[PDB]
């Protein structure tokens, strides 16, 4: 039920906050460096630190701009925050294998 940073245990999100974007909460995507990510969409997350300037470039989600999301405690790269779009305006795309799932 709770998702934590795999690298240090920081509390990050909850299964109840999962967001089916375009029919599914899971999107399997590649970046321009050839890396594949199983991205889980959450409406909400906490314990992150958002870095940099939002960008539209290479966005996997049409109409959204992204910012890198680090674990706020250890600095692990956990995913991205998306903003600037519609229904919803914002959400989080977190990398599933960088989280640990467990009891509340």
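Positions refer to the first chain, counted from 1.
For the two regions 89-97 and 15-23, the entry's Cα B-factors average higher over 15-23. When the two stretches 24-32 and 71-79 are set side by side, the higher mean Cα temperature factor goes to 24-32. Residue-level temperature factors show residue 61 in the middle third of its chain, judged at the C-alpha atom.
For residue 51, the recorded CA temperature factor ranks within the highest third of the chain's modelled residues.
Annotation for residue 8: CA B-factor lies in the middle third of the chain's modelled residues.
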